[PDB]
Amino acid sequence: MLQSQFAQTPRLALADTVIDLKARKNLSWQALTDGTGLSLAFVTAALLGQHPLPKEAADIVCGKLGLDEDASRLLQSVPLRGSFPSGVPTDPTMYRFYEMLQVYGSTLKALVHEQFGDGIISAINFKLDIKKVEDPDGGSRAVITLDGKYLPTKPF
């Protein structure tokens, strides 16, 4: 039976505990995802308070971190989502993604309506991934793929 949260505090406190135990055991997010059968972006988001995990995955990650059954039960609950509820990010790393939306937000709207029609690209029927690729200039680039269902607005 699915349980849900009405406030962020319990799952943010669990995320605090994950960050601490992960650092103490010198673990990576990839290591916590290994063996769950789920995607790196989904499992990491769940541990940071933004998704529930299915029971089997929750128990797997909880064993790796040394978390108990109470923690696993909480990880399986549907959270109250939002990773920056208290204002636009000040952190440069997070801010750049907001800046991408500032520069291209109106473009995304315009091109969605041209290429698809009236409606939205879903954030729920939706997958996200990030990959590192080499830049021909020698550096590296992050390629973030947003893959969302088009939901049309139809007259009724």
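Note that residue numbering begins at 1 and tracks the sequence as displayed.
Just going by the entry, 110 to 118 versus 57 to 65 on mean CA temperature factor gives the higher value to 57 to 65. When the mean C-alpha temperature factors of 10 to 18 and 138 to 146 are read from the deposited coordinates, 138 to 146 comes out higher. Ranking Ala123, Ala46, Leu101, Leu32 by the C-alpha B-factor listed in the PDB entry places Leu32 at the top. When all modelled residues of the chain are sorted by CA temperature factor, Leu74 is found within the middle third. For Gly105, the recorded CA temperature factor ranks within the lowest third of the chain's modelled residues.
Split the chain's modelled residues into thirds by C-alpha temperature factor. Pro89 is in the lowest one. Placement of the Cα temperature factor of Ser28 within the chain: middle third of the modelled residues, per the deposited record.
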